[PDB]
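K.L.:
Attaching a single structure in structure tokens format; questions to follow.
No value in this document is a laboratory result; all are computed from the given coordinates. All Cβ positions, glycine included, derive from the backbone under ideal geometry; neighbour counts span all protein chains shown.
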Amino acid sequence: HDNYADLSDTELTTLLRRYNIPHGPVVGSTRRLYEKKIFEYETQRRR
């Protein structure tokens, strides 16, 4: 439901890679933590 929540696991993984952000397995249990990490980085580029 969150903008980043509509991204699929495969698309989320390629996004972290573009920003060179270390990550492990993506699962609904830790998917949210990953969505927040991309938001914090993308926020910087927006500022």
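K.L.:
Restricting attention to segment 1-31, which residues are among the basic types (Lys, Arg) and touching a residue at least 24 places away in the same chain (Cβ under 8 Å)?
P.N.:
The one that is among the basic types (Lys, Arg) and touching a residue at least 24 places away in the same chain (Cβ under 8 Å): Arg31.
K.L.:
May I pose another question? Which count do you get for residues in segment 9-18 that are surrounded by 13 or more Cβ atoms within 10 Å (Cβ to Cβ) and within 17 Å of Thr43 (Cβ to Cβ)?
P.N.:
The total comes to 3.
Residue-by-condition table, conditions (1) surrounded by 11 or more Cβ atoms within 10 Å (Cβ to Cβ); (2) β-branched (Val, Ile, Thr):
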residue	(1), (2)
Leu7	yes, no
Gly28	no, no
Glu35	yes, no
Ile38	yes, yes
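K.L.:
Could you check how many residues of segment 1-28 are under 13 Å from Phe39 (Cα atoms), in contact with a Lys or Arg (Cβ under 8 Å, 6 or more places away or on another chain) and part of a helix (DSSP H, G or I)?
P.N.:
Residues in segment 1-28 being under 13 Å from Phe39 (Cα atoms), in contact with a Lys or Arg (Cβ under 8 Å, 6 or more places away or on another chain) and part of a helix (DSSP H, G or I): 3 in total.
K.L.:
Give me a count of the residues in segment 34-47 that are under 8 Å from the mean Cα position of the chain (by Cα) and not hydroxyl-bearing (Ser, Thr, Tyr).
P.N.:
The qualifying residues number 5.
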